[PDB]
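Visitor: Can you read through this structure? Questions will come right after.
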Amino acid sequence: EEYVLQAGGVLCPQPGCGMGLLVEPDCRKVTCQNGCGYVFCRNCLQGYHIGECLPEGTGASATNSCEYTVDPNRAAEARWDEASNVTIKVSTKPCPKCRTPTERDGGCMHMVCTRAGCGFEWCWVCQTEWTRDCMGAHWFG
Ligand SMILES: [Zn+2]
Ligand SMILES: [Zn+2]
Ligand SMILES: [Zn+2]
Ligand SMILES: [Zn+2]
């Protein structure tokens, strides 16, 4: 560090002085050692102090001051009802062979048992086995 510079100076605040005070950047002690020697501040006439200071007022009336915390809820309820009343009907008649529920086909008066292990045809109007008696006399809708 070898650079010649200068910092902000000040003057003796005495009405009978004003000779001039030279304040070095690394100097923290202002005193009229050349005249009416008394210690004061470089920014104010507080008689020297440590900290901040600004001439003609700092311009600080307020800043920040607020402390308050709130609690949440996170509490709720949940419900649901599935259903009520179940009416079941029967549209099927038991097969004469496998006894499986055979349903009718609207539009035709013939119904055959379509079952994996059956395949038994019978008359809808008069339920009987497919024979010569009712070979389909009225097998037409
Ligand atoms: Zn002085
Ligand atoms: Zn000061
Ligand atoms: Zn059957
Ligand atoms: Zn018949």
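Identifiers in the structure tokens: chain A, B, ... in order shown; residue index from 1 per chain; ligand index from 1 in order shown.
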Based on the backbone DSSP call, show me all residues of stretch 2-141 of chain A assigned strand (DSSP E), as number ranges by chain.

Guide: A: 92-94, 101-103, 110-112, 121-123

Visitor: Extract, using only C-alpha atoms, all DNA, RNA and protein residues at most 12 Å from residue A:105, discarding same-chain residues fewer than 3 positions from it, and format them as a list in words.

Guide: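 Final neighbour list, sorted by chain and number: residues 91, 92, 102, 108, 109, 110, 111, 112, 113, 124 and 141 of chain A.
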
Visitor: Restricting it to N, CA, C and O atoms, dump the selection as a compact mmCIF listing (two decimals), in the first residue's frame.

Guide:
# COMPACT_ATOMS: atom_id res chain seq x y z
N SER A 91 -85.75 -62.61 -14.64
CA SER A 91 -86.28 -62.63 -15.99
C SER A 91 -85.97 -63.97 -16.67
O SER A 91 -86.38 -64.22 -17.81
N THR A 92 -85.26 -64.82 -15.96
CA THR A 92 -84.83 -66.08 -16.51
C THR A 92 -85.63 -67.27 -15.96
O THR A 92 -86.11 -67.25 -14.83
N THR A 102 -82.26 -69.26 -18.25
CA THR A 102 -82.45 -68.90 -19.64
C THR A 102 -83.37 -67.69 -19.76
O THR A 102 -84.50 -67.71 -19.27
N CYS A 108 -89.19 -62.79 -30.65
CA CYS A 108 -89.29 -64.15 -31.13
C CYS A 108 -89.81 -65.08 -30.03
O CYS A 108 -89.46 -64.92 -28.86
N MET A 109 -90.63 -66.04 -30.42
CA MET A 109 -91.21 -66.98 -29.48
C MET A 109 -90.45 -68.29 -29.46
O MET A 109 -91.02 -69.35 -29.20
N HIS A 110 -89.18 -68.21 -29.75
CA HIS A 110 -88.30 -69.34 -29.66
C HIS A 110 -87.15 -69.02 -28.72
O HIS A 110 -86.63 -67.90 -28.74
N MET A 111 -86.78 -69.96 -27.88
CA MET A 111 -85.64 -69.77 -27.00
C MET A 111 -84.87 -71.05 -26.84
O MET A 111 -85.42 -72.08 -26.48
N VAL A 112 -83.60 -71.00 -27.13
CA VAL A 112 -82.76 -72.16 -27.01
C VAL A 112 -81.73 -71.92 -25.92
O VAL A 112 -81.35 -70.78 -25.66
N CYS A 113 -81.30 -72.98 -25.28
CA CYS A 113 -80.35 -72.85 -24.21
C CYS A 113 -78.93 -72.82 -24.74
O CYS A 113 -78.36 -73.86 -25.10
N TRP A 124 -90.80 -71.83 -26.56
CA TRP A 124 -91.07 -70.77 -25.62
C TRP A 124 -92.52 -70.79 -25.14
O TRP A 124 -92.78 -70.78 -23.94
N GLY A 141 -92.46 -65.81 -34.80
CA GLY A 141 -92.92 -64.62 -34.12
C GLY A 141 -93.39 -63.58 -35.10
O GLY A 141 -94.25 -62.76 -34.74

Visitor: Would you mind listing, for every residue of chain A within 10 Å of ligand 4, the two atoms forming the shortest contact and the distance between them in Å to one decimal, using only C-alpha atoms and all ligand atoms, sorted by chain and ascending residue number, as a Markdown table?

Guide:
| residue | atom | partner | partner_atom_place_in_ligand_line | distance |
| --- | --- | --- | --- | --- |
| A:109 | CA | ligand 4 | 1 (Zn) | 8.9 |
| A:110 | CA | ligand 4 | 1 (Zn) | 8.6 |
| A:122 | CA | ligand 4 | 1 (Zn) | 7.8 |
| A:123 | CA | ligand 4 | 1 (Zn) | 4.5 |
| A:124 | CA | ligand 4 | 1 (Zn) | 6.4 |
| A:125 | CA | ligand 4 | 1 (Zn) | 5.3 |
| A:126 | CA | ligand 4 | 1 (Zn) | 4.2 |
| A:127 | CA | ligand 4 | 1 (Zn) | 6.4 |
| A:128 | CA | ligand 4 | 1 (Zn) | 6.9 |
| A:129 | CA | ligand 4 | 1 (Zn) | 9.0 |
| A:130 | CA | ligand 4 | 1 (Zn) | 8.4 |
| A:131 | CA | ligand 4 | 1 (Zn) | 9.7 |
| A:133 | CA | ligand 4 | 1 (Zn) | 8.3 |
| A:134 | CA | ligand 4 | 1 (Zn) | 5.0 |
| A:135 | CA | ligand 4 | 1 (Zn) | 7.3 |
| A:136 | CA | ligand 4 | 1 (Zn) | 6.0 |
| A:137 | CA | ligand 4 | 1 (Zn) | 6.6 |
| A:138 | CA | ligand 4 | 1 (Zn) | 6.1 |
| A:139 | CA | ligand 4 | 1 (Zn) | 7.0 |

Visitor: Check which residues of chain A sit at most 9 Å from ligand 3 using only C-alpha atoms and all ligand atoms, and return one row each with the closest pair of atoms and their distance in Å to one decimal, ordered by chain and rising number, as CSV.

Guide:
residue,atom,partner,partner_atom_place_in_ligand_line,distance
A:94,CA,ligand 3,1 (Zn),7.9
A:95,CA,ligand 3,1 (Zn),4.6
A:96,CA,ligand 3,1 (Zn),6.5
A:97,CA,ligand 3,1 (Zn),4.9
A:98,CA,ligand 3,1 (Zn),4.2
A:99,CA,ligand 3,1 (Zn),6.0
A:100,CA,ligand 3,1 (Zn),5.7
A:101,CA,ligand 3,1 (Zn),8.2
A:102,CA,ligand 3,1 (Zn),7.6
A:112,CA,ligand 3,1 (Zn),7.9
A:113,CA,ligand 3,1 (Zn),4.6
A:114,CA,ligand 3,1 (Zn),6.6
A:115,CA,ligand 3,1 (Zn),5.6
A:116,CA,ligand 3,1 (Zn),8.5
A:117,CA,ligand 3,1 (Zn),7.5
A:118,CA,ligand 3,1 (Zn),4.7
A:119,CA,ligand 3,1 (Zn),6.0
A:120,CA,ligand 3,1 (Zn),5.4
A:121,CA,ligand 3,1 (Zn),8.0

Visitor: How close does each residue of chain A get to ligand 2, giving the shortest atom pair and distance in Å to one decimal for every residue with an atom at most 9 Å away, counting only C-alpha atoms and all ligand atoms, sorted by chain and residue number, as a tab-separated table?

Guide:
residue	atom	partner	partner_atom_place_in_ligand_line	distance
A:40	CA	ligand 2	1 (Zn)	8.0
A:41	CA	ligand 2	1 (Zn)	4.6
A:42	CA	ligand 2	1 (Zn)	5.9
A:43	CA	ligand 2	1 (Zn)	4.5
A:44	CA	ligand 2	1 (Zn)	4.3
A:45	CA	ligand 2	1 (Zn)	6.8
A:46	CA	ligand 2	1 (Zn)	6.1
A:47	CA	ligand 2	1 (Zn)	8.0
A:48	CA	ligand 2	1 (Zn)	6.1
A:49	CA	ligand 2	1 (Zn)	5.9
A:50	CA	ligand 2	1 (Zn)	7.2
A:51	CA	ligand 2	1 (Zn)	7.2
A:52	CA	ligand 2	1 (Zn)	6.3
A:53	CA	ligand 2	1 (Zn)	4.5
A:54	CA	ligand 2	1 (Zn)	6.8
A:55	CA	ligand 2	1 (Zn)	8.1

Visitor: Per residue of chain A within 8 Å of ligand 1, note the shortest atom pair and the distance in Å to one decimal, counting only C-alpha atoms and all ligand atoms, and order the rows by chain and increasing residue number, as a Markdown table.

Guide:
| residue | atom | partner | partner_atom_place_in_ligand_line | distance |
| --- | --- | --- | --- | --- |
| A:11 | CA | ligand 1 | 1 (Zn) | 7.7 |
| A:12 | CA | ligand 1 | 1 (Zn) | 4.5 |
| A:13 | CA | ligand 1 | 1 (Zn) | 6.9 |
| A:14 | CA | ligand 1 | 1 (Zn) | 5.7 |
| A:16 | CA | ligand 1 | 1 (Zn) | 7.4 |
| A:17 | CA | ligand 1 | 1 (Zn) | 4.7 |
| A:18 | CA | ligand 1 | 1 (Zn) | 6.2 |
| A:19 | CA | ligand 1 | 1 (Zn) | 6.7 |
| A:20 | CA | ligand 1 | 1 (Zn) | 8.0 |
| A:31 | CA | ligand 1 | 1 (Zn) | 7.8 |
| A:32 | CA | ligand 1 | 1 (Zn) | 4.7 |
| A:33 | CA | ligand 1 | 1 (Zn) | 7.8 |
| A:34 | CA | ligand 1 | 1 (Zn) | 7.4 |
| A:35 | CA | ligand 1 | 1 (Zn) | 4.8 |
| A:36 | CA | ligand 1 | 1 (Zn) | 4.0 |
| A:37 | CA | ligand 1 | 1 (Zn) | 5.9 |
| A:38 | CA | ligand 1 | 1 (Zn) | 7.3 |

Visitor: Near stretch 21-23 of chain A, counting only C-alpha atoms, which residues have an atom at most 7 Å away, once you skip same-chain residues fewer than 5 positions from it, shown as a VMD selection string?

Guide: chain A and resid 7 to 12 30

Visitor: Write the residues of the preceding selection, restricted to N, CA and C atoms, as a compact mmCIF listing (two decimals), in the first residue's frame.

Guide:
# COMPACT_ATOMS: atom_id res chain seq x y z
N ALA A 7 -8.58 12.15 3.06
CA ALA A 7 -9.92 11.87 3.53
C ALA A 7 -10.64 13.16 3.87
N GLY A 8 -11.83 13.04 4.42
CA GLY A 8 -12.60 14.20 4.79
C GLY A 8 -12.12 14.79 6.10
N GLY A 9 -11.84 16.08 6.09
CA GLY A 9 -11.38 16.75 7.29
C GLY A 9 -12.53 17.38 8.05
N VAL A 10 -12.22 18.36 8.88
CA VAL A 10 -13.23 19.03 9.67
C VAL A 10 -12.64 20.32 10.27
N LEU A 11 -13.46 21.10 10.92
CA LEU A 11 -13.02 22.33 11.55
C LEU A 11 -13.40 22.34 13.00
N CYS A 12 -12.62 23.04 13.80
CA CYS A 12 -12.90 23.19 15.21
C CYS A 12 -14.22 23.94 15.36
N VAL A 30 -9.98 13.28 16.79
CA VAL A 30 -9.94 14.67 16.37
C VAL A 30 -9.81 15.60 17.57

Visitor: If I take atom CA of residue A:25 and atom CA of residue A:3, how far is one from the other in Å, to one decimal?

Guide: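 That distance, rounded to one decimal, is 12.5 Å.
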